[PDB]
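Trainee: This is the structure I have questions about; it appears just below.
Values in this text are rule-based calculations from the coordinates and carry no lab data. Virtual Cβ from ideal backbone geometry, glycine too; neighbours counted across all protein chains shown.
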Amino acid sequence: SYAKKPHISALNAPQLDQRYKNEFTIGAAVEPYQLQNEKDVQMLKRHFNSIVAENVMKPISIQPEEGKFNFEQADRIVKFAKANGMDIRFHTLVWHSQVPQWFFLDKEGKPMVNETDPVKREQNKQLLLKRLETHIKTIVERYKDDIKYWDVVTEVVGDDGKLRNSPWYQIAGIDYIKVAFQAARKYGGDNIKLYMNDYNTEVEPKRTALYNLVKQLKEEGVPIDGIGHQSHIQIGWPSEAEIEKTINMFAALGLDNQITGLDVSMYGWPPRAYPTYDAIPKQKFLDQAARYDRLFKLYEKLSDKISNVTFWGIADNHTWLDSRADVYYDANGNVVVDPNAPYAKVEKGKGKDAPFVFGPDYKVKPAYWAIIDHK
Ligand SMILES: [Cl-]
Ligand SMILES: [Cl-]
Ligand SMILES: [Zn+2]
Ligand SMILES: [Zn+2]
Ligand SMILES: [Zn+2]
Ligand SMILES: [Zn+2]
Ligand SMILES: [Zn+2]
Ligand SMILES: [Zn+2]
């Protein structure tokens, strides 16, 4: 939506959070070093009223060894948020990735998943659940008065619609999920909001499996306040109709919905990326802008069911999507972006994606104009 609107500096542009302030908060995911960078600091102060840690609040960053709690990096994000009146989301108490291996070792240092004895497997379950509770307890006791929104568990449903068979599930079964939420509520109180977080929440069979899991846990009294939709999406997929169906489905259970990791990739899956930002054709940005136009119009339509929309980054110069931006080369060394075309080699994670409404020079993209307006 609109290429005649100028590529002005985002520090001079109408504030994104103020545009949406009655509909939902607008958040950004950050690393502590960005709080020491003038442009990123000015971007966060100008456009965002919610914040989340890209990495420093994941389990391995918080307790990389048992009894070793590293809160300094997370503290810096909390301090910045409080000084600027930003909501805080905690990502994340429990996850099968970026999680320290000491959790899943038995008393003799051996992997719990390998235990054959049912008596010892039960002891390992209780040990893991005790470690889980202490991890959550320590974190929540420190941050309960500062952080309102919590991703308690992340990605616990597999893309096959079964519970993800992580070491958490192998060792302790479904109880690790129940214990995670119960501990967060116990040590954090009734005012913090507890979320189950996942990607491809729009996609069956994961969507209905997520729905059934949360419905069952809540019937058993497990405290779950909402769903965190990572929303790592493409220009085409998933459709707005299916996003709407998903939000409505979980809202019918009385759940809040938060969009926790929004980025609109320029590519399909697996991605065939351009090697640089400059090589991305202008038309891609127009296609992205129209997708963003439709997307935020739908979020506004559903604003009574969505409390927050967070982008997984600030501006196009820094995005985890670059780690997936594989560049395919044909036999002559020319870049191949057509998903079906011949190619000879791939350079994994070497290309550039462009997923936000702010460009890598901190100037606004056509996607910005598409969501700042009221059309
Ligand atoms: Cl309004
Ligand atoms: Cl990253
Ligand atoms: Zn309004
Ligand atoms: Zn603001
Ligand atoms: Zn360049
Ligand atoms: Zn709302
Ligand atoms: Zn990053
Ligand atoms: Zn619009």
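Trainee: If each of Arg46 and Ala344 carries a label point 7 Å out from its Cα toward its Cβ, how far apart are those two points in nm?
Mentor: 4.5
Trainee: Quick one: angle between helix 175-188 and the longest Cα principal axis of the chain, in degrees between 0 and 90, rounded to 10, please.
Mentor: Between helix and principal axis, roughly 80 degrees.
Trainee: Now, a different point. Calculate how steeply helix 240-251 sits against the longest principal axis of the alpha-carbon atoms of the chain, using the helix alpha-carbon long axis, and give the answer as 0 to 90 degrees to the nearest 10.
Mentor: That helix lies at roughly 30 degrees to the long axis.
Trainee: Under a straight-distance cross-link criterion of Cα-Cα below 16 Å, which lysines are reachable from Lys375, leaving out those fewer than 8 residues away in the same chain?
Mentor: Result set, ordered by chain and number: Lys4, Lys5, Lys297, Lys301.
Trainee: Could you work out the local net charge near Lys218, counting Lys and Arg as +1, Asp and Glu as -1, over the other residues with Cβ closer than 12 Å to its Cβ?
Mentor: Details: positive: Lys178, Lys215; negative: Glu219, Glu220, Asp225.
In short, -1.
Trainee: While we're looking at this one, here's another question. For the residue pair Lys245 and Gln123, what label-to-label distance in nm results when each label sits 7 Å from Cα along the Cα-to-beta-carbon direction?
Mentor: So the two model labels end up 5.0 nm from each other.
Trainee: Okay, next question. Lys and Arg at +1, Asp and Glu at -1: add these up for the other residues within a Cβ distance under 10 Å of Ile306 and post the number.
Mentor: Values: positive: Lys301, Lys305; negative: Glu23, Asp256, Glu300, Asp304.
Local charge sum for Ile306: -2.
Trainee: Across the chain, where is the longest run that never hits GluC sites (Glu not before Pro) in a DSSP loop with at most 10 other C-beta atoms within 10 Å?
Mentor: 221-375
Trainee: Just for the stretch 10-372, what percent of DSSP beta bridges are antiparallel, to the closest 5?
Mentor: Numbers: 10 of 44 bridges.
Taking every DSSP beta bridge within the stretch 10-372, about 25 percent pair in antiparallel fashion.
Trainee: Separate question: Classify the chain from the C-alpha gyration tensor, please: rounded if a/c falls under 1.5, else prolate or oblate depending on whether a/b exceeds b/c.
Mentor: Working: a/c = 1.68, a/b = 1.42, b/c = 1.18.
Prolate.
Trainee: Between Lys5 and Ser97, what FRET efficiency follows from the Cβ-Cβ distance if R0 is 30 Å, with the result rounded to 0.05?
Mentor: Step by step, r from the Cβ atoms, then E = 0.15.
Trainee: Moving on. Given points 7 Å out from each Cα along the Cα-Cβ axis, report the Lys130 to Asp145 separation in nanometres with one decimal.
Mentor: 3.1
Trainee: Among the chymotrypsin sites (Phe, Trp or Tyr not before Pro) within the stretch 24-104, which fall in a DSSP loop and have no more than 13 other Cβ atoms within 10 Å of their own Cβ?
Mentor: The qualifying sites: there are none.
Trainee: If one takes the longest principal axis of the Cα atoms in the chain, at what angle in degrees, from 0 to 90 and to the nearest 10, does the Cα axis of helix 72-83 lie?
Mentor: Relative to the chain, helix 72-83 is tipped by roughly 60 degrees.
Trainee: Quick check on the chain: helices-only [θ] at 222 nm, where DSSP H runs of length 4 and up contribute -39,500 (n - 2.57) each and the sum goes over total residues. Nearest 500, please.
Mentor: Dividing the helical sum by the residues of the chain leaves -10500 deg cm²/dmol.
Trainee: Pairs of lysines 8 or more apart, or on different chains, with alpha carbons under 17 Å: count those in the stretch 106-200, would you?
Mentor: Eligible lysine pairs with Cα atoms under 17 Å apart amount to 20.
Trainee: Got the relative contact order for the stretch 117-190 handy, in percent, Cα pairs under 8 Å and 6 or more residues apart?
Mentor: Values: 46 pairs, mean separation 35.9, N = 74.
Answer for the stretch 117-190 is 48 percent.
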